[PDB]
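Shown below: coords_12.pdb, with PDB, C-alpha atoms.
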```pdb
ATOM      1  CA  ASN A  14       9.922  10.651  -2.965  1.00  0.00           C
ATOM      2  CA  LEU A  15      10.408   6.947  -3.656  1.00  0.00           C
ATOM      3  CA  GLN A  16       7.570   4.842  -5.067  1.00  0.00           C
ATOM      4  CA  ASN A  17       6.146   1.430  -4.138  1.00  0.00           C
ATOM      5  CA  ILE A  18       7.793   1.624  -0.723  1.00  0.00           C
ATOM      6  CA  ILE A  19       7.894  -1.426   1.526  1.00  0.00           C
ATOM      7  CA  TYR A  20       8.583  -0.919   5.228  1.00  0.00           C
ATOM      8  CA  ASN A  21      10.092  -3.341   7.733  1.00  0.00           C
ATOM      9  CA  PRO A  22       9.792  -6.483   5.579  1.00  0.00           C
ATOM     10  CA  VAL A  23      10.271  -9.926   7.090  1.00  0.00           C
ATOM     11  CA  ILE A  24      13.522 -11.541   5.920  1.00  0.00           C
ATOM     12  CA  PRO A  25      13.734 -13.565   3.741  1.00  0.00           C
ATOM     13  CA  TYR A  26      11.834 -11.099   1.570  1.00  0.00           C
ATOM     14  CA  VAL A  27      10.692 -11.934  -1.958  1.00  0.00           C
ATOM     15  CA  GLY A  28       8.497  -9.461  -3.780  1.00  0.00           C
ATOM     16  CA  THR A  29       7.467  -8.476  -7.274  1.00  0.00           C
ATOM     17  CA  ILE A  30       9.072  -5.270  -8.530  1.00  0.00           C
ATOM     18  CA  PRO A  31       6.279  -2.831  -9.559  1.00  0.00           C
ATOM     19  CA  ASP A  32       7.883  -1.637 -12.791  1.00  0.00           C
ATOM     20  CA  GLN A  33      10.421  -2.872 -15.327  1.00  0.00           C
ATOM     21  CA  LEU A  34      13.976  -1.816 -14.484  1.00  0.00           C
ATOM     22  CA  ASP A  35      14.481   0.549 -17.425  1.00  0.00           C
ATOM     23  CA  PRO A  36      17.766   2.528 -17.654  1.00  0.00           C
ATOM     24  CA  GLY A  37      17.985   5.120 -14.883  1.00  0.00           C
ATOM     25  CA  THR A  38      15.787   3.241 -12.424  1.00  0.00           C
ATOM     26  CA  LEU A  39      16.879   3.334  -8.792  1.00  0.00           C
ATOM     27  CA  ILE A  40      16.292   0.675  -6.145  1.00  0.00           C
ATOM     28  CA  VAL A  41      16.864   2.113  -2.656  1.00  0.00           C
ATOM     29  CA  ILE A  42      17.310  -0.194   0.338  1.00  0.00           C
ATOM     30  CA  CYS A  43      17.868   1.104   3.864  1.00  0.00           C
ATOM     31  CA  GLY A  44      18.796  -1.253   6.651  1.00  0.00           C
ATOM     32  CA  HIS A  45      21.130  -2.310   9.429  1.00  0.00           C
ATOM     33  CA  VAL A  46      23.615  -5.174   9.740  1.00  0.00           C
ATOM     34  CA  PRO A  47      22.849  -7.295  12.827  1.00  0.00           C
ATOM     35  CA  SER A  48      25.512  -8.221  15.391  1.00  0.00           C
ATOM     36  CA  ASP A  49      25.523 -11.893  14.319  1.00  0.00           C
ATOM     37  CA  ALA A  50      25.845 -11.181  10.591  1.00  0.00           C
ATOM     38  CA  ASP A  51      28.088 -13.352   8.444  1.00  0.00           C
ATOM     39  CA  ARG A  52      26.430 -12.404   5.153  1.00  0.00           C
ATOM     40  CA  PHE A  53      23.242 -11.260   3.430  1.00  0.00           C
ATOM     41  CA  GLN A  54      22.245 -10.720  -0.172  1.00  0.00           C
ATOM     42  CA  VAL A  55      20.058  -8.630  -2.448  1.00  0.00           C
ATOM     43  CA  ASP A  56      19.070 -10.618  -5.544  1.00  0.00           C
ATOM     44  CA  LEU A  57      17.383  -9.216  -8.641  1.00  0.00           C
ATOM     45  CA  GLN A  58      15.598 -12.253 -10.058  1.00  0.00           C
ATOM     46  CA  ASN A  59      13.670 -13.486 -13.061  1.00  0.00           C
ATOM     47  CA  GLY A  60      10.649 -14.859 -11.227  1.00  0.00           C
ATOM     48  CA  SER A  61      10.248 -16.383  -7.767  1.00  0.00           C
ATOM     49  CA  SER A  62      10.528 -20.117  -8.471  1.00  0.00           C
ATOM     50  CA  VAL A  63      12.325 -22.026  -5.708  1.00  0.00           C
ATOM     51  CA  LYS A  64      12.525 -25.334  -7.577  1.00  0.00           C
ATOM     52  CA  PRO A  65      13.976 -24.986 -10.048  1.00  0.00           C
ATOM     53  CA  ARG A  66      15.621 -21.904  -8.552  1.00  0.00           C
ATOM     54  CA  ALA A  67      14.765 -18.752 -10.501  1.00  0.00           C
ATOM     55  CA  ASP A  68      17.653 -17.108 -12.346  1.00  0.00           C
ATOM     56  CA  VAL A  69      19.354 -14.281 -10.460  1.00  0.00           C
ATOM     57  CA  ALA A  70      20.411 -11.526 -12.845  1.00  0.00           C
ATOM     58  CA  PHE A  71      22.271  -9.663 -10.127  1.00  0.00           C
ATOM     59  CA  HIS A  72      23.418 -11.189  -6.845  1.00  0.00           C
ATOM     60  CA  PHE A  73      24.813  -8.518  -4.476  1.00  0.00           C
ATOM     61  CA  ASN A  74      26.349 -10.388  -1.550  1.00  0.00           C
ATOM     62  CA  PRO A  75      28.129  -8.586   1.303  1.00  0.00           C
ATOM     63  CA  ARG A  76      30.209 -10.953   3.465  1.00  0.00           C
ATOM     64  CA  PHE A  77      31.536 -10.047   6.919  1.00  0.00           C
ATOM     65  CA  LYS A  78      33.903 -12.846   7.951  1.00  0.00           C
ATOM     66  CA  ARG A  79      37.501 -11.647   8.338  1.00  0.00           C
ATOM     67  CA  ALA A  80      38.254  -8.392   6.489  1.00  0.00           C
ATOM     68  CA  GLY A  81      34.906  -8.491   4.706  1.00  0.00           C
ATOM     69  CA  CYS A  82      34.072  -8.172   1.022  1.00  0.00           C
ATOM     70  CA  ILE A  83      31.207  -8.042  -1.450  1.00  0.00           C
ATOM     71  CA  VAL A  84      30.610 -10.863  -3.904  1.00  0.00           C
ATOM     72  CA  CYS A  85      28.524 -10.278  -7.024  1.00  0.00           C
ATOM     73  CA  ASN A  86      27.405 -12.954  -9.464  1.00  0.00           C
ATOM     74  CA  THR A  87      24.663 -14.254 -11.740  1.00  0.00           C
ATOM     75  CA  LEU A  88      22.727 -17.516 -11.487  1.00  0.00           C
ATOM     76  CA  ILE A  89      21.504 -19.043 -14.752  1.00  0.00           C
ATOM     77  CA  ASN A  90      19.718 -22.394 -14.882  1.00  0.00           C
ATOM     78  CA  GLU A  91      20.819 -23.032 -11.291  1.00  0.00           C
ATOM     79  CA  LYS A  92      24.542 -22.556 -11.902  1.00  0.00           C
ATOM     80  CA  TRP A  93      26.546 -19.597 -10.594  1.00  0.00           C
ATOM     81  CA  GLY A  94      28.786 -17.776 -13.044  1.00  0.00           C
ATOM     82  CA  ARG A  95      32.159 -16.154 -12.402  1.00  0.00           C
ATOM     83  CA  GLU A  96      32.226 -14.183  -9.156  1.00  0.00           C
ATOM     84  CA  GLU A  97      33.175 -10.508  -9.117  1.00  0.00           C
ATOM     85  CA  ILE A  98      34.730  -9.532  -5.797  1.00  0.00           C
ATOM     86  CA  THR A  99      35.085  -6.099  -4.227  1.00  0.00           C
ATOM     87  CA  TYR A 100      37.474  -5.941  -1.276  1.00  0.00           C
ATOM     88  CA  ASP A 101      36.639  -2.317  -0.449  1.00  0.00           C
ATOM     89  CA  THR A 102      33.399  -2.874   1.482  1.00  0.00           C
ATOM     90  CA  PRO A 103      31.559  -0.092   3.381  1.00  0.00           C
ATOM     91  CA  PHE A 104      29.417  -2.570   5.335  1.00  0.00           C
ATOM     92  CA  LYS A 105      29.997  -3.559   8.954  1.00  0.00           C
ATOM     93  CA  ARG A 106      28.143  -5.262  11.783  1.00  0.00           C
ATOM     94  CA  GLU A 107      25.884  -3.055  13.911  1.00  0.00           C
ATOM     95  CA  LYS A 108      25.929  -0.214  11.377  1.00  0.00           C
ATOM     96  CA  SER A 109      23.119   1.191   9.243  1.00  0.00           C
ATOM     97  CA  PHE A 110      23.380   1.423   5.479  1.00  0.00           C
ATOM     98  CA  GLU A 111      21.676   2.861   2.437  1.00  0.00           C
ATOM     99  CA  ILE A 112      22.138   0.868  -0.757  1.00  0.00           C
ATOM    100  CA  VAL A 113      21.260   2.544  -4.027  1.00  0.00           C
ATOM    101  CA  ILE A 114      21.290   0.381  -7.128  1.00  0.00           C
ATOM    102  CA  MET A 115      21.039   2.305 -10.382  1.00  0.00           C
ATOM    103  CA  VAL A 116      20.161   0.258 -13.438  1.00  0.00           C
ATOM    104  CA  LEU A 117      22.025   1.566 -16.466  1.00  0.00           C
ATOM    105  CA  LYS A 118      21.707   0.236 -20.018  1.00  0.00           C
ATOM    106  CA  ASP A 119      24.919  -1.805 -19.833  1.00  0.00           C
ATOM    107  CA  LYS A 120      25.420  -2.388 -16.117  1.00  0.00           C
ATOM    108  CA  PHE A 121      24.338  -1.850 -12.539  1.00  0.00           C
ATOM    109  CA  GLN A 122      26.029   0.842 -10.470  1.00  0.00           C
ATOM    110  CA  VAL A 123      25.884   0.529  -6.701  1.00  0.00           C
ATOM    111  CA  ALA A 124      26.503   3.196  -4.095  1.00  0.00           C
ATOM    112  CA  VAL A 125      26.390   2.582  -0.355  1.00  0.00           C
ATOM    113  CA  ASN A 126      25.896   5.446   2.100  1.00  0.00           C
ATOM    114  CA  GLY A 127      26.329   7.930  -0.737  1.00  0.00           C
ATOM    115  CA  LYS A 128      29.659   6.519  -1.924  1.00  0.00           C
ATOM    116  CA  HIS A 129      30.267   4.665  -5.192  1.00  0.00           C
ATOM    117  CA  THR A 130      30.922   1.015  -4.389  1.00  0.00           C
ATOM    118  CA  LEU A 131      30.909  -1.080  -7.573  1.00  0.00           C
ATOM    119  CA  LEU A 132      29.783  -1.753 -11.141  1.00  0.00           C
ATOM    120  CA  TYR A 133      28.375  -5.025 -12.492  1.00  0.00           C
ATOM    121  CA  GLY A 134      27.838  -5.626 -16.195  1.00  0.00           C
ATOM    122  CA  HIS A 135      24.559  -7.194 -17.305  1.00  0.00           C
ATOM    123  CA  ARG A 136      24.729 -10.923 -18.010  1.00  0.00           C
ATOM    124  CA  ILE A 137      20.949 -11.314 -18.218  1.00  0.00           C
ATOM    125  CA  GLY A 138      18.697  -8.838 -20.001  1.00  0.00           C
ATOM    126  CA  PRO A 139      17.581  -6.453 -17.216  1.00  0.00           C
ATOM    127  CA  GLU A 140      14.076  -6.447 -18.705  1.00  0.00           C
ATOM    128  CA  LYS A 141      13.834 -10.057 -17.497  1.00  0.00           C
ATOM    129  CA  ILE A 142      14.029  -8.929 -13.863  1.00  0.00           C
ATOM    130  CA  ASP A 143      10.668  -8.781 -12.081  1.00  0.00           C
ATOM    131  CA  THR A 144      11.444  -9.919  -8.532  1.00  0.00           C
ATOM    132  CA  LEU A 145      13.447  -8.571  -5.596  1.00  0.00           C
ATOM    133  CA  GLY A 146      14.813 -10.973  -3.028  1.00  0.00           C
ATOM    134  CA  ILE A 147      16.672 -10.188   0.189  1.00  0.00           C
ATOM    135  CA  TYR A 148      18.078 -13.084   2.229  1.00  0.00           C
ATOM    136  CA  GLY A 149      20.569 -13.706   5.014  1.00  0.00           C
ATOM    137  CA  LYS A 150      21.317 -11.876   8.241  1.00  0.00           C
ATOM    138  CA  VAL A 151      20.183  -8.326   7.605  1.00  0.00           C
ATOM    139  CA  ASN A 152      17.507  -6.022   9.006  1.00  0.00           C
ATOM    140  CA  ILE A 153      15.716  -4.079   6.268  1.00  0.00           C
ATOM    141  CA  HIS A 154      13.923  -0.866   7.200  1.00  0.00           C
ATOM    142  CA  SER A 155      12.700   0.138   3.764  1.00  0.00           C
ATOM    143  CA  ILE A 156      12.687  -0.699   0.059  1.00  0.00           C
ATOM    144  CA  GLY A 157      11.770   1.943  -2.501  1.00  0.00           C
ATOM    145  CA  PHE A 158      11.939   2.529  -6.251  1.00  0.00           C
ATOM    146  CA  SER A 159      12.426   5.590  -8.449  1.00  0.00           C
ATOM    147  CA  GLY A 160      11.672   5.650 -12.165  1.00  0.00           C
ATOM    148  CA  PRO A 161      14.006   7.401 -14.636  1.00  0.00           C
ATOM    149  CA  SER A 162      11.408  10.068 -15.513  1.00  0.00           C
ATOM    150  CA  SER A 163      10.357  10.704 -11.898  1.00  0.00           C
ATOM    151  CA  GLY A 164       9.526  14.319 -11.120  1.00  0.00           C
TER     152      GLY A 164
END
```

Take the structure in this file and express it as structure tokens.
Amino acid sequence: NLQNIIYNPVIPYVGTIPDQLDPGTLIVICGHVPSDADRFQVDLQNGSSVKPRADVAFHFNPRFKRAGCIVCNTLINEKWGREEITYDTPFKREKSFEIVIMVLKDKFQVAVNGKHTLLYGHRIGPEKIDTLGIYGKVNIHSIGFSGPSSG
């Protein structure tokens, strides 16, 4: 099963990731989108500093207004980079979801509810990631991790 599981965390959630995100590592997040959701985000960060705001290696941001979409980006020295938008979003208000982020050597691969959703190339060395943050309107049931050599 998954390791270092966290159940029913209070949002906003900011926690240290147990192990380095070496290639093949999986981050599994199960939750539900509340009725009043406009957006929420899963951020893989370098630290937990609020001021100055810690760099966000990978910002996964589902948005629900209108047709909906998913915005991905990177924050470095408090400045957002170029956004990468996915218009084919599997998320929707009042529906449960399972997000699986697989950290590969050159990029992140994200699947939602068992379906491939998007790729995001590394802009910050993944070894610099040590914190997981979840913010916005989202209800998280569980957070779990799986190492590449797990068995």

| Could you list as an MDAnalysis selection string every residue that has an atom within 10 Å of (20.7, -8.3, -9.3), using the file's coordinates and counting all atoms listed in the file? | chainID A and resid 54:59 68:74 85:88 114 116 121 133 135:137 139 142 144:146

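With distances taken over all atoms listed in the file, A:148 is the one residue among A:91, A:148, A:21, A:101 lying closest to residue A:52.
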
| message | I'd like the residues picked by the PyMOL selection byres ((chain A and resi 30-44) around 7) written out as a PyMOL selection string, using the chain letters and numbers from the file. | response | chain A and resi 17+28-29+45-46+109-118+139-140+143-145+152-161

Please produce an output containing C-alpha atoms for each residue in the selection, written as an mmCIF file, keeping the file's coordinate frame.
```
data_model
loop_
_atom_site.group_PDB
_atom_site.id
_atom_site.type_symbol
_atom_site.label_atom_id
_atom_site.label_comp_id
_atom_site.auth_asym_id
_atom_site.auth_seq_id
_atom_site.Cartn_x
_atom_site.Cartn_y
_atom_site.Cartn_z
ATOM 1 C CA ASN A 17 6.146 1.430 -4.138
ATOM 2 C CA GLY A 28 8.497 -9.461 -3.780
ATOM 3 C CA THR A 29 7.467 -8.476 -7.274
ATOM 4 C CA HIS A 45 21.130 -2.310 9.429
ATOM 5 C CA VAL A 46 23.615 -5.174 9.740
ATOM 6 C CA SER A 109 23.119 1.191 9.243
ATOM 7 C CA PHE A 110 23.380 1.423 5.479
ATOM 8 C CA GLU A 111 21.676 2.861 2.437
ATOM 9 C CA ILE A 112 22.138 0.868 -0.757
ATOM 10 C CA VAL A 113 21.260 2.544 -4.027
ATOM 11 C CA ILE A 114 21.290 0.381 -7.128
ATOM 12 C CA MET A 115 21.039 2.305 -10.382
ATOM 13 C CA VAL A 116 20.161 0.258 -13.438
ATOM 14 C CA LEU A 117 22.025 1.566 -16.466
ATOM 15 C CA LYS A 118 21.707 0.236 -20.018
ATOM 16 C CA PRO A 139 17.581 -6.453 -17.216
ATOM 17 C CA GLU A 140 14.076 -6.447 -18.705
ATOM 18 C CA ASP A 143 10.668 -8.781 -12.081
ATOM 19 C CA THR A 144 11.444 -9.919 -8.532
ATOM 20 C CA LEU A 145 13.447 -8.571 -5.596
ATOM 21 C CA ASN A 152 17.507 -6.022 9.006
ATOM 22 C CA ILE A 153 15.716 -4.079 6.268
ATOM 23 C CA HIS A 154 13.923 -0.866 7.200
ATOM 24 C CA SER A 155 12.700 0.138 3.764
ATOM 25 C CA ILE A 156 12.687 -0.699 0.059
ATOM 26 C CA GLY A 157 11.770 1.943 -2.501
ATOM 27 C CA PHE A 158 11.939 2.529 -6.251
ATOM 28 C CA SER A 159 12.426 5.590 -8.449
ATOM 29 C CA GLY A 160 11.672 5.650 -12.165
ATOM 30 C CA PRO A 161 14.006 7.401 -14.636
#
```

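Using only C-alpha atoms for every distance, the candidate list A:27, A:18, A:89, A:98 yields A:98 as the residue closest to residue A:76.
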
| query | Written as a ChimeraX atom specification, which residues does the PyMOL selection byres ((chain A and resi 78) around 9) give for the file shown? | reply | /A:50-52,76-77,79-82

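The space between atom CA of residue A:129 and atom CA of residue A:60 spans 28.3 Å.
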
| atom CA of residue A:126 to atom CA of residue A:95, distance in Å rounded to a single decimal | 26.8 Å

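A straight line drawn from atom CA of residue A:107 to atom CA of residue A:123 is 20.9 Å long.
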
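Distances from A:134, A:147, A:164, A:75 to residue A:25 were compared using only C-alpha atoms, and the smallest one belongs to A:147.
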
Find the axis-aligned box for stretch 159-163 of chain A, covering all its listed atoms and adding 8 Å on each side, and write its centre and edge lengths in Å to one decimal as JSON.
```
{"center_x": 12.2, "center_y": 8.1, "center_z": -12.0, "size_x": 19.6, "size_y": 21.1, "size_z": 23.1}
```

Could you please fill out stretch 125-154 of chain A with N, CA and C atoms and send it back as a compact mmCIF listing (two decimals), in the frame of the given file?
```txt
# COMPACT_ATOMS: atom_id res chain seq x y z
N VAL A 125 26.81 2.90 -1.71
CA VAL A 125 26.39 2.58 -0.36
C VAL A 125 26.71 3.80 0.51
N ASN A 126 25.72 4.28 1.24
CA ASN A 126 25.90 5.45 2.10
C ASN A 126 26.42 6.65 1.33
N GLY A 127 25.93 6.81 0.10
CA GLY A 127 26.33 7.93 -0.74
C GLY A 127 27.67 7.83 -1.44
N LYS A 128 28.35 6.70 -1.29
CA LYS A 128 29.66 6.52 -1.92
C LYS A 128 29.63 5.41 -2.97
N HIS A 129 30.22 5.67 -4.13
CA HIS A 129 30.27 4.66 -5.19
C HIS A 129 30.96 3.42 -4.66
N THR A 130 30.36 2.26 -4.89
CA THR A 130 30.92 1.01 -4.39
C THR A 130 31.37 0.05 -5.48
N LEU A 131 30.54 -0.16 -6.50
CA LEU A 131 30.91 -1.08 -7.57
C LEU A 131 30.02 -1.02 -8.81
N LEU A 132 30.50 -1.65 -9.87
CA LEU A 132 29.78 -1.75 -11.14
C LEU A 132 29.65 -3.24 -11.44
N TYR A 133 28.58 -3.63 -12.13
CA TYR A 133 28.38 -5.03 -12.49
C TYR A 133 27.69 -5.07 -13.85
N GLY A 134 28.41 -5.55 -14.86
CA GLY A 134 27.84 -5.63 -16.20
C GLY A 134 26.70 -6.63 -16.30
N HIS A 135 25.70 -6.31 -17.12
CA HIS A 135 24.56 -7.19 -17.30
C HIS A 135 24.98 -8.50 -17.97
N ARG A 136 24.45 -9.61 -17.45
CA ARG A 136 24.73 -10.92 -18.01
C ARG A 136 23.39 -11.48 -18.47
N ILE A 137 22.32 -10.94 -17.89
CA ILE A 137 20.95 -11.31 -18.22
C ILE A 137 20.24 -10.01 -18.57
N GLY A 138 19.41 -10.04 -19.62
CA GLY A 138 18.70 -8.84 -20.00
C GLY A 138 17.97 -8.29 -18.79
N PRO A 139 18.25 -7.04 -18.38
CA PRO A 139 17.58 -6.45 -17.22
C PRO A 139 16.05 -6.42 -17.31
N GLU A 140 15.52 -6.46 -18.53
CA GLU A 140 14.08 -6.45 -18.70
C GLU A 140 13.46 -7.75 -18.20
N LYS A 141 14.29 -8.76 -17.99
CA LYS A 141 13.83 -10.06 -17.50
C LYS A 141 13.69 -10.08 -15.98
N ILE A 142 14.12 -9.01 -15.32
CA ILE A 142 14.03 -8.93 -13.86
C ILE A 142 12.65 -8.42 -13.44
N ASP A 143 11.99 -9.17 -12.57
CA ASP A 143 10.67 -8.78 -12.08
C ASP A 143 10.49 -9.07 -10.60
N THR A 144 11.53 -9.58 -9.95
CA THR A 144 11.44 -9.92 -8.53
C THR A 144 12.65 -9.48 -7.71
N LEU A 145 12.39 -9.00 -6.50
CA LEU A 145 13.45 -8.57 -5.60
C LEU A 145 13.49 -9.52 -4.41
N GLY A 146 14.67 -10.08 -4.15
CA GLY A 146 14.81 -10.97 -3.03
C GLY A 146 15.92 -10.49 -2.11
N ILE A 147 15.68 -10.58 -0.80
CA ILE A 147 16.67 -10.19 0.19
C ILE A 147 16.73 -11.34 1.19
N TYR A 148 17.91 -11.94 1.33
CA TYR A 148 18.08 -13.08 2.23
C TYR A 148 19.30 -12.90 3.12
N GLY A 149 19.43 -13.77 4.12
CA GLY A 149 20.57 -13.71 5.01
C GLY A 149 20.32 -12.94 6.30
N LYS A 150 21.41 -12.61 6.99
CA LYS A 150 21.32 -11.88 8.24
C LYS A 150 21.41 -10.38 7.99
N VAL A 151 20.25 -9.75 7.85
CA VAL A 151 20.18 -8.33 7.60
C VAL A 151 18.81 -7.84 8.05
N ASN A 152 18.76 -6.62 8.57
CA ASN A 152 17.51 -6.02 9.01
C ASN A 152 17.19 -4.90 8.02
N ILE A 153 16.11 -5.07 7.27
CA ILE A 153 15.72 -4.08 6.27
C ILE A 153 14.63 -3.17 6.82
N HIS A 154 14.86 -1.87 6.72
CA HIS A 154 13.92 -0.87 7.20
C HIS A 154 12.98 -0.44 6.08
```
